[PDB]
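**Student:** Next input, structure requested:
(chains A, B, C, D and E)
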Amino acid sequence: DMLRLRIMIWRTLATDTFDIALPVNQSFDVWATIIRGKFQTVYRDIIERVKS
Amino acid sequence: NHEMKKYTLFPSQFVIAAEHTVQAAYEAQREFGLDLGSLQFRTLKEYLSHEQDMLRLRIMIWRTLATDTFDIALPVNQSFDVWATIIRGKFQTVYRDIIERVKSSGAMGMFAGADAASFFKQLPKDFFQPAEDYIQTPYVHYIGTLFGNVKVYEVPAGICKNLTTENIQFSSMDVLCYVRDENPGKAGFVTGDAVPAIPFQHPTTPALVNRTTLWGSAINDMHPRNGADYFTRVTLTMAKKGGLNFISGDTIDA
Amino acid sequence: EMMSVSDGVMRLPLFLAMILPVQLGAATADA
Amino acid sequence: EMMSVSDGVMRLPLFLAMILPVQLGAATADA
Amino acid sequence: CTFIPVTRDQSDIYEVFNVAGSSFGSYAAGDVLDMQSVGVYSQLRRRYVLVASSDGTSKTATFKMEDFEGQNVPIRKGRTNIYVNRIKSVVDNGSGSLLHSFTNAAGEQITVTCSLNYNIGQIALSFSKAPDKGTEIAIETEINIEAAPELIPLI
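**Tutor:** Residues are numbered from 1 along each chain as shown, chains lettered A, B, ... in the order given. The structure is reproduced below:
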């Protein structure tokens, strides 16, 4: 199992960055929606690349 | 006094075919157990529908002449409800303008790029109704309804890139709105099949060649009278001072 | 290069599976 | 023009629908 | 992970593709067709851009299928239309003529006269007056197959 994980981490190329610090004057619902949108975009890019 | 006018309509045609030699068929059957004839038949039958489906969209995007702009970036402090109400007001104004132009009622819909699709997906529950058991696909599919009336379909980024490559300008940020009419004499986009596609199979030539051909005719064009006025285009931007960029998670250029 | 070890015996390929072209379509009939 | 080719077959027009002017009105009697 | 069966030492996996088999239309032979593929191929009604942006001094324009297609192509009768600033006009008559008019930006009226050649697909457009700078002109026709049945594309 740990060998599987080692390979998974070692052999990846596509990278991405994002900020997670909550702004000073915001609630949690807005931030949760934003995080959901970001991760949806990530998965959309992945599926478009693989085309399945 | 009174006056009368006249308008006309007519269909077009489409043709496709495929070939393969006997020796290739035998090689495929022996080596892999394939069947060239069935594969080619299915491919032709599929592509005939696929191309017409794309052609509809190509015509709609090319013919449009009405433009509008908007900024959709979120203010750094505003809640989602206020912004959702503002967006709903804007789109209601756009649709009212379309109705005023045509002067008849009908249904409502949208064609949206991937980014605008995500922006809409971010909206709260009561404004936007996600499609039941939604699964993202590389195709052009249906994502849900918003405001209880407008049905919105999503266009993947690759299709937009291909369209822009072939001199049809359609950015991933762009959104197209339309109204489908219901009265008998008036309509925006007209479709129909005069003659459904007919298959022909030719026997093996003295040159040992197999060939099949599909022919057919149909109508796919915009209505002669005010057909273009039903549609409009909207382009969105993320540039407001003091906005929040959800791609990176911070302020938009401060 | 002797049969007493694993390298002595040669190998034979196997036809595992074949991938077929994906289905094509779109959805623009609502307009 | 022999009937063999696509041309040479006379075409017969068709009648679809009649469109009449929409009604007129306004609502300014409240004041 | 996904689980697959393995019996022998070395296995093989094959894939099949879809490729356009002709240079007709937008595509060229060797291109690949997929879900997100758009192009004119097997559709016989098309449109072409003639002048991207009209210069002020110009007064005539000619259209030849050799510029947009590799070879001369016959054209059906009474199916041709022209767009100026993406505005459709009436169709040509069955005898090789077309009369169309439109308003100039300043306000004058400009008439357009066209001539047709169905055998080779060539159109000559003559403007009564030089149009305003920046306008664009496009043409829409339908290809006659029964005249030239050897242009059928393949797969």
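**Student:** what does chain E put close to chain B?
**Tutor:** Applying Cβ under 8 Å from any Cβ of the partner chain, we find that chain E lies next to chain B at E:14, E:16, E:18, E:21, E:26, E:33, E:35-45, E:47, E:49, E:79, E:86, E:88, E:142, E:145, E:152-155. C-beta: built from backbone N, CA, C; applies to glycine.
**Student:** near chain A, which residues of chain E?
**Tutor:** So far as Cβ under 8 Å from any Cβ goes, chain E lies against chain A at E:1, E:34, E:35.
**Student:** before we move on, back to that, buried among the residues of chain E next to chain B? Make that a PyMOL selection.
**Tutor:** The buried residues among those can be selected in PyMOL (16 or more other Cβ atoms under 10 Å in any protein chain shown) with this line:
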select buried, chain E and resi 18+21+33+35+36+37+38+39+40+41+42+43+44+45+47+79+88+142+145+152+153+154+155
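**Student:** Centroid-nearest residue for chain A?
**Tutor:** residue A:39 (4.6 Å; Cα atoms, centre = their mean).
**Student:** mind checking the SS state of it?
**Tutor:** The three-state label given to residue A:39 by DSSP: H, G, I helix; E, B strand; the rest coil is helix.
**Student:** Equivalent analysis for residue E:30, please.
**Tutor:** Residue E:30 falls in the coil class when you classify it by three-state DSSP.
**Student:** and it, how many neighbours does it have?
**Tutor:** As a burial measure, residue E:30 scores 9 neighbours (other Cβ atoms under 10 Å in any protein chain shown).
**Student:** So it versus chain A, what's the distance?
**Tutor:** Using Cβ to the nearest Cβ, to the nearest Å, residue E:30 is found at 20 Å from chain A.
**Student:** Distance of residue E:3 relative to residue A:2?
**Tutor:** Distance of residue E:3 to residue A:2, given as Cβ to Cβ, to the nearest Å: 18 Å.
**Student:** got a list of what the closest residue to residue E:122 other than its chain neighbours touches?
**Tutor:** Spatial nearest neighbour of residue E:122, excluding adjacent residues (Cβ to Cβ, 6 or more residues apart in numbering or on different chains): residue E:64 at 5.0 Å. Each residue near residue E:64 by Cβ atoms under 8 Å, 6 or more residues apart in numbering or on different chains is listed here: E:120, E:121, E:122.
**Student:** So the last one is in contact with residue E:68, correct?
**Tutor:** This means residue E:122. No - applying Cβ atoms under 8 Å as the test, residue E:122 and residue E:68 come out as separate, 11.5 Å apart.
**Student:** is it fair to say residue E:50 lies in a strand?
**Tutor:** Yes - assigned with three-state DSSP, residue E:50 falls within a strand.
**Student:** which of the contacts of residue E:64 tops the neighbour count?
**Tutor:** residue E:121 (23 neighbours).
**Student:** which residue packs closest to it, ignoring adjacent ones?
**Tutor:** residue E:65 (4.0 Å).
**Student:** what's the distance between the residue nearest to the centre of chain A and residue B:124?
**Tutor:** With distances taken as Cβ to Cβ, residue A:39 is found 18 Å from residue B:124.
**Student:** Run a quick neighbour tally on residue E:115.
**Tutor:** 14.
**Student:** which element is the one residue in chain A that gets nearest to chain E on?
**Tutor:** Ranking the residues of chain A by distance to chain E (Cβ to the nearest Cβ) places residue A:4 first, at 6.5 Å. Assigned by DSSP states H and E, residue A:4 belongs to helix A:2-10.
**Student:** got the contact list for that helix?
**Tutor:** For helix A:2-10, contacts defined as Cβ under 8 Å, 6+ apart pick out residue E:1.
**Student:** From the chain's centroid, how far away is it?
**Tutor:** Chain-centre distance of helix A:2-10: 19 Å, with Cα atoms, centre = their mean, to the nearest Å.
**Student:** could you dump that helix to PDB, C-alpha only?
**Tutor:** Extracted C-alpha coordinates of helix A:2-10, given in PDB (Å, rounded to 0.1, in the frame of the first residue of the first chain):
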ATOM      1  CA  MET A   2       2.700   2.500   0.900                       C
ATOM      2  CA  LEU A   3       4.500   1.800  -2.300                       C
ATOM      3  CA  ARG A   4       1.400   2.600  -4.200                       C
ATOM      4  CA  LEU A   5       1.100   5.900  -2.400                       C
ATOM      5  CA  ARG A   6       4.800   6.700  -3.100                       C
ATOM      6  CA  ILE A   7       4.400   6.100  -6.800                       C
ATOM      7  CA  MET A   8       1.200   8.300  -6.900                       C
ATOM      8  CA  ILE A   9       3.000  11.200  -5.300                       C
ATOM      9  CA  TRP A  10       6.300  10.800  -7.200                       C
END
